[PDB]
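As structure tokens, the structure follows; a few thoughts come after it.
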Amino acid sequence: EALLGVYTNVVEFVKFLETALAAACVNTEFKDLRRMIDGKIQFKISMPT
Amino acid sequence: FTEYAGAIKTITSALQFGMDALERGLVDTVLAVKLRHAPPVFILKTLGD
């Protein structure tokens with residue numbers, strides 16, 4: 051006797067580019083995290099008087 | 149050539165620091181002149197009547 055089960059779908063959430071959280075983060079996609087150790091950003095501020 | 153043109157950019161940014169920190173001296177003293185001839189309201193208001 052062959053039977054058949056009843057399974058529901060996984061509740062889907064669309065990826066956050068439709069959310070307005072993208073304003074809080076500019077998003078550059080990155081190709082190898084196991085290859086970067088410590089990225090950095092350098093500022094140079096000239097200051098008038 | 150990338151050191152000659154890497155230090156001429158220092159002195160122009162020390163010349164642009166020259167003039168555009170003197171232009172405060174207009175805006176400093178002219179604001180300072182108007183405050184030297186500045187009676188407050190509770191003095192001038194009854195005299196203006």
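Line order of the protein sequences matches chains X and W.
If you're matching positions, the first sequence starts at 51 in the deposited numbering and goes up one per residue.
If you're matching positions, the second sequence starts at 149 in the deposited numbering and goes up one per residue.
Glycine residues also receive a C-beta, built at the ideal position from the N, C-alpha and C atoms.
| DSSP on W:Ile156, reduced to helix/strand/coil? | Looking at W:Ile156 - three-state DSSP - the assignment turns out to be helix.
| request: Compute the minimum distance between the beta carbon of W:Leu179 and the heavy atoms of the ligand ADP, and state whether it is under 8 Å. | output: Ligands are entirely absent from the displayed structure, and the ligand ADP is therefore not among its contents.
| task | Output the boundary residues of the alpha helix (DSSP H) element that contains W:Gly196. | result | 189-196
| query | Between W:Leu195 and W:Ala180, what straight-line distance do the alpha-carbon atoms span, to the nearest angstrom? | reply | 24 Å
| message | Closer than 8 Å between beta carbons: that is the criterion. Which residues of the segment 158-169 of chain W meet it against chain X? | response | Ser161, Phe165, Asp168, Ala169
| If X:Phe66 and X:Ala73 are in contact, beta carbons under 8 Å, what's the gap, nearest whole angstrom? | Contact flag wrong, Cβ pair sits at about 11 Å.
| request: Whole angstroms is fine: what's the gap from W:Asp168's alpha carbon to X:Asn77's? | output: 37 Å
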